[PDB]
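Peer 1: first chunk of the complex, coordinates as they sit in the assembly:
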Amino acid sequence: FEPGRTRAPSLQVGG
Amino acid sequence: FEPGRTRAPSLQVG
Amino acid sequence: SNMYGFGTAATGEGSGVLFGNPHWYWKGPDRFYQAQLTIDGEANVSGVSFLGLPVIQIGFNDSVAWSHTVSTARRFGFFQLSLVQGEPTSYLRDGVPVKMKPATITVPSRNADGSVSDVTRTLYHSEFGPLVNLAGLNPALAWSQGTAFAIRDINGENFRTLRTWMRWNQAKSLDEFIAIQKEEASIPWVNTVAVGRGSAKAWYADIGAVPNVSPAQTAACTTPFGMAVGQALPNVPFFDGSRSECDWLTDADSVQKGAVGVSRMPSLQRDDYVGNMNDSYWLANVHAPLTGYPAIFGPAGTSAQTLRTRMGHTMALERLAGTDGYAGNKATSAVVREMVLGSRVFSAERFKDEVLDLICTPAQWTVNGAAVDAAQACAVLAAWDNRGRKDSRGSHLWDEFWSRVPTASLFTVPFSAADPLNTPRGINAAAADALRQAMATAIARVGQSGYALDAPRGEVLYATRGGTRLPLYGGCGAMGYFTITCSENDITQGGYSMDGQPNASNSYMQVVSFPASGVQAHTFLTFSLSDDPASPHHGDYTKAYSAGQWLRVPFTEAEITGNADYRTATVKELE
């Protein structure tokens, strides 16, 4: 597992 | 191999 | 999204004032639609619905008014499924293999040549919910020969939502509103604030459908992957699907399997005010913080509030202190109407002078080895009123600058739970060069855009209707605006046009109060009723919003018939 490769999704409904 | 999941790329230069 | 509930202590009248300010889509099916539903002996409700929805989601009746902001409470979780060897479509559950239910689906697809052919594939469910490709999140999270991932959304099993809005639409007092919310525990992804007739207190709550995990459980169930990706999914239960002790718990007062019990969900009553601007339940009221609720509802004072949240509460305190420039010290319908459009800019009010003092002497600079003249920029920003009103000059300069300031080590006074409105602050003197970099860029972007640095906001921020540009006011939450008019358009591509698909902005607005005569309500639907450019209701409401003229929406029968634009018609049909 490489944290550098993590792509966080948008989690704000409406943002 | 399922042919229906094939996604042709951009081949014409320009 | 913002909302205020003021109690009779704050308003100094017989009832409180409700301010409903969802920031939402200007186009598409989720956009709001304003209407009134008068059902004989059953309901008389007014407010707003998503297109395609049949009950009022935000609004008021004769007795109660309410709104919603999106809540910080996570509404989903992941489940790590340990697959069976040789059988990648089956996952282990306490030693025994359990088969994932397939669904073979065929979708007709129009081909770029005109013809229509089928594309088919077979998707899957676990008992937790649908399977989910997480390679995008992280490559290592791919549906492998050893492991796979499923997502669960408690709302997937939530069927009480329409009933709840339906019952609120009928609700006959604040106490009844409260009890419905408590009974149904159904509210899917929003906070709720309400005010009732002849009720001193204003209501805040994040009571609804929320995943139920214990702190003990999250320590024992979070997988190594869950630990590794945990910060990208803050407070999202990334649990082990192999162990049944990791299944979402059910409290004794839990309305739904796997959801949180009603008494362990945050709520607050105040006779002065409750408010929320998208931060957690924590600061529903600044004077009386809420603490001691499940982690999943979000940080209760362990995180800096957003600039908008700081702006929001500040506005509420300074109103009641009578220090905001408005008359008196009460949150009356009339004052609230003006106040929420004032377009104050938190970042400017709090940090402009420090920034200007830090980088404007001298105003000729070297930035990345290059001569930059920032005298005009410095002077225009000094002269600017820190507001995004139609005739505020230089406000767009600030937008292009602030949104580019690097936030690492920006403030020297860190966030303090004791002082959440004034922390963090103190612009770091060591950031001088980065700030100059950001300002240089801002000057260039405005330069490309063809607007002068001192252009009035109204010419930069606009909605086009009937071939004409209506000047607008407000901005984005990032600059610490409360009044939200937030374009997705780059300044260089024709200014901050609101004609496309802008970011969540002021959409349906309402200020509701309850004088002796009966419910009064002032409203906006900023983009207007109709998506058809031929319709006379495509741009009328937007004209009013530009002019800042709240619409007193007729509610009683005499009010509806007495309206200057009253037209009635009747539609009927069999079945």
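Peer 2: Looks like it arrived, so ask away. Numbering: from 1, shown residues only, chains lettered A, B, ... in the order given.

Peer 1: for chain C, which residue gets nearest to chain B?
Peer 2: Chain B sits closest to residue C:119 of chain C, with a gap of 5.5 Å, by Cβ to the nearest Cβ. Backbone N, C-alpha and C define where each C-beta goes, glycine included.

Peer 1: on the three-state scheme, that residue is what?
Peer 2: Classification of residue C:119 by DSSP: H, G, I helix; E, B strand; the rest coil places it in strand.

Peer 1: quick check: closest non-adjacent residue to it.
Peer 2: What sits nearest to residue C:119 in space, not counting adjacent residues and going by Cβ to Cβ, 6 or more residues apart in numbering or on different chains, is residue C:109, at 4.9 Å.

Peer 1: burial count for the one you found?
Peer 2: Neighbour count for residue C:109, taken as other Cβ atoms under 10 Å in any protein chain shown: 12.

Peer 1: can you check the one 10 residues further on too?
Peer 2: Other residues within reach of residue C:119 by the criterion other Cβ under 10 Å amount to 12.

Peer 1: who's sitting farthest from the centroid in chain A?
Peer 2: Computed with Cα atoms, centre = their mean, the residue of chain A farthest from its C-alpha average is residue A:14, at 15.8 Å.

Peer 1: surely that one meets residue C:26?
Peer 2: No - with contact defined as Cβ atoms under 8 Å, residue A:14 does not reach residue C:26; the gap is 11.7 Å.

Peer 1: quick check: neighbours shared by these two?
Peer 2: The overlap between the contact sets of residue A:14 and residue C:26 (Cβ atoms under 8 Å, 6 or more residues apart in numbering or on different chains) is empty.

Peer 1: can you tell me how far the residue in chain A that chain B sits nearest to sits from residue C:162?
Peer 2: Nearest to chain B in chain A, going by Cβ to the nearest Cβ, is residue A:7, at a distance of 19.9 Å. Computed as Cβ to Cβ, to the nearest Å, the residue A:7 to residue C:162 distance reads 35 Å.

Peer 1: add chain D to the structure above, sequence below:
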Amino acid sequence: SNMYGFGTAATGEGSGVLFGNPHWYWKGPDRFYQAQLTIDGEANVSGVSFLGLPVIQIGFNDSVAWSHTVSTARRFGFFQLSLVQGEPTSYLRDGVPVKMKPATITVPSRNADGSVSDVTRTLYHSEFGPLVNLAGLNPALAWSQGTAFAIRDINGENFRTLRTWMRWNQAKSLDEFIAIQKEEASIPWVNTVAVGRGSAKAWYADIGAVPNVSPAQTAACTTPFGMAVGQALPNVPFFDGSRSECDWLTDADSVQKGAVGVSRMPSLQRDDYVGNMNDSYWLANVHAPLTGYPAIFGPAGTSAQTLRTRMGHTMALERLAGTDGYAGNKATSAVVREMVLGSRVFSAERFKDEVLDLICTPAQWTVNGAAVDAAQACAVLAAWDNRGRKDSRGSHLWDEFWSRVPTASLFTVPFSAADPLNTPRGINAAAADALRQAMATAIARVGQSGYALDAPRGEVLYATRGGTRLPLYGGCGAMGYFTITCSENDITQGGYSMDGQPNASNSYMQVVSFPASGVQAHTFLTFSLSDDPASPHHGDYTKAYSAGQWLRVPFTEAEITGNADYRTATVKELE
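Peer 2: Chain D, in position alongside the others:
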């Protein structure tokens, strides 16, 4: 891209005429830049470079003029690798494990908070070229335990290109131009058409760097995976890396290893004309087709030509037959300047009447169970001159319509190689409902764009300079335009604006001939020289293009110094 070379028989004069018309980016580093290089007694050449390139790629000297169009010959192949068990970075070469070459690369990346941190990953090369991730092409084509994929581009080892253009820049006759092209065999992905002073025949050739594979190789070396995906990569060799027998071949007259030899590459010399519009070498000249060249170059008589190719050759033939509405029957410089801007629409010219005859009787329809009024639509199109000129009325309706017509069995008369310009033809009577469906939609798109159905194209198609919209002419290849001005902007997005990043369109244009007094060149740089909105040369050239006024570009010293806008300055510094 389009180009013509006209011989002395086609012009009447002692020299031919060259028309260069590449369809290229309007913004970005590959955009053309117009200039003349004069190196004392070594070179005097004018034309155009990609931004960043130091020699002229398309242009002319006192002896030759040439242009390029993208060739249909594929320039790369894939190689499937059989991986060593246990070792997913090694592949077999005739039963022998070979190490792939690793490269560990770190790239600093600005994080959206301000700070800049390193991101590293190890990539690989095979003896064929870099490893390539083909999961995007098809998920089954991932890099697995036993399978991997490299890509080979012949230009990877082609270091001769820049040397070639330089030599062309200095060339003193067509003969030498052709000789240079044969010695170098370096032209990476384009056709070439050149005309020379005192030469009767115009020159055409796809003589450059092309992967060399035999028919025996194609059927024996294509892997199961290559078979399965061939249709997405037409004519692209997908070979078995395992076998040395599947390496690209070298001819006895090959300039490069693995490249097609010079004698087996398509060329033609004609005293009437040669032309190309992006189809294969086959129809370099309609009268004398070319055949028998290696398959990788594309089809030579088994495929229909594009509408743009059909338009181009039609224009050439009708010019020389004297049947195109211009004067005489000769391809003189003056006349060619008009015709190439003419903006004839092939689809309209050939099929409009057929379409309208079929669907406008009557002009009131029912489409999808809905009443549609096509009186205006039908009458505007019937009145339309089938051109995309500035004052052409209705041309945009046709664009919106034609590009939406389903092509499945649209034509009753199929492609014939003996009639390559006029087949396929004959609108299928059966298509009537599909045709009415497409027209209905077109009416609607133009409707909501706010343009009238009979709006003059000049108002729909434009480039904005100095705040004013310069009217434009031309259209997209899909509609059968030769004069190409092809917006990426949907008509509902404020018309066919050319201000963003348009699809390949007229960019650098030249009309070059060699009278007795010396070269004459008429040119356009449609988008103008400078990308700086402040520059005097951001919009001047574009203003001339809108007016269709060809620039007579000064070439001799006298012409340069004699020019009304003559400015000189000399720059210097130490070496």
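
Peer 1: same question on the neighbour count of residue C:119, but now with chain D added
Peer 2: Using other Cβ under 10 Å, the number of residues around residue C:119 comes to 12.

Peer 1: OK, contacts around it?
Peer 2: So residue C:119 contacts B:4, C:106, C:107, C:109 (Cβ under 8 Å, 6+ apart).

Peer 1: residues in contact with the residue farthest from the centre of chain A?
Peer 2: Contacts of residue A:14 by Cβ under 8 Å, 6+ apart are C:1, C:23, C:24, C:25, C:70, C:504.

Peer 1: switch the cut-off to 10 Å
Peer 2: Going by Cβ atoms under 10 Å, 6 or more residues apart in numbering or on different chains, residue A:14 touches C:1, C:22, C:23, C:24, C:25, C:30, C:69, C:70, C:189, C:278, C:503, C:504.

Peer 1: on that earlier part again, closest to chain D out of the contacts of residue C:119?
Peer 2: residue B:4 (9.5 Å).

Peer 1: the closest one should be in a helix, yeah?
Peer 2: Yes - the assignment for residue B:4, made by three-state DSSP, places it in a helix.

Peer 1: picking that back up, now, the contacts of residue C:119 that are in strands?
Peer 2: Using DSSP state E, the subset of the contacts of residue C:119 located in strands is C:106, C:107, C:109.

Peer 1: outline the domain layout of chain C.
Peer 2: Following curated CATH domains, chain C resolves into domains at C:1-75+C:154-299+C:498-563, C:76-153, C:304-497.

Peer 1: which of the ones you listed sits closest to residue D:141?
Peer 2: Smallest distance to residue D:141 across those (Cβ to Cβ): 15.1 Å, for domain C:76-153.

Peer 1: what does residue C:161 show for phi and psi?
Peer 2: phi -70, psi -50 (degrees, to the nearest 10).

Peer 1: helix/strand/coil for residue C:256?
Peer 2: Assigned by three-state DSSP, the conformation of residue C:256 is coil.

Peer 1: contacts only, for it.
Peer 2: Shown in contact with residue C:256 (Cβ under 10 Å, 6+ apart): C:154-155, C:157-160, C:184-186, C:209-210, C:212, C:248, C:250.

Peer 1: with the structure above as the base, add chain E:
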Amino acid sequence: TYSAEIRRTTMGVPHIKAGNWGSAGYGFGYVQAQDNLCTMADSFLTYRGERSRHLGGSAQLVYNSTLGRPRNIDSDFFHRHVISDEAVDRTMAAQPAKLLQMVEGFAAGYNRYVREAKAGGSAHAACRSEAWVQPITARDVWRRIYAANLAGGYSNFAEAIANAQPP
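Peer 2: Now chain E, sitting on the chains shown earlier:
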């Protein structure tokens, strides 16, 4: 017999009046369609998973929403798999009587306007004659309803759900 009085005041705000829930639905569905037909018609294509049929598989969603703008093919797959007949059934099975009627009325009211737009008029010239402006069912409204609940969970992972595939 559905019957609702539609009163319009300034800015066009409709005020539906009916003697029962079904008829209120009938009025509300009608006015929403009357004012917003093109967006609504496009929207039911979305929730049903019928977008790729009309607008092509590779084209993105026309409008932004709590769904984001994924590709049509993936949106279609997501909606069929997650808002399936079973889910719609389970939804409906748990509804009070008046609400079920309201939704019936809503679909019939919406359908009334579609018939009117097909017949003629200069409203909604952008889509009024397109095949995807077509009647809908009570169940399709329920699809929409169910979909608005998923904003905080499944909606955010539409592409991701539509592409969950074993090795």
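
Peer 1: could you re-examine the neighbour count of residue C:119 with chain E now present?
Peer 2: 17.

Peer 1: now do the contacts for residue C:433.
Peer 2: Contacts of residue C:433 by Cβ under 10 Å, 6+ apart are C:359, C:365, C:366, C:367, C:368.

Peer 1: what sits against the spatially closest residue to residue C:80 that is not a sequence neighbour?
Peer 2: Nearest residue to residue C:80 in three dimensions, chain neighbours excluded: residue C:223, at 4.7 Å (Cβ to Cβ, 6+ apart). Going by Cβ under 10 Å, 6+ apart, residue C:223 touches C:78-80, C:82, C:147, C:149, C:229-230, C:238-242, C:246.

Peer 1: between those residues, which sits nearest chain E?
Peer 2: Set against chain E, the nearest of the contacts of residue C:223 by Cβ to the nearest Cβ is residue C:149 (8.1 Å).

Peer 1: looks to me like residue E:109 is in a strand.
Peer 2: No - Residue E:109 sits outside any strand when classified using three-state DSSP, being helix.

Peer 1: for it, give me its contacts.
Peer 2: With contact set as Cβ under 10 Å, 6+ apart, residue E:109 has these partners: C:54, C:571, C:573, E:2, E:4, E:16, E:22-34.

Peer 1: list the contacts of the residue of the stretch 401-550 of chain C found nearest chain A.
Peer 2: When scored by Cβ to the nearest Cβ, the stretch 401-550 of chain C has residue C:504 as its residue closest to chain A, at 4.5 Å. Residue C:504 sits next to A:12-15, C:1, C:22-26, C:70, C:278, C:476-477, C:484, C:486, E:64 when contact means Cβ under 10 Å, 6+ apart.

Peer 1: cool, and residue C:151?
Peer 2: By Cβ under 10 Å, 6+ apart, the contact list for residue C:151 reads C:76-79, C:126, C:128-132, C:134, C:236, E:153-154, E:156-157, E:160-161, E:164.
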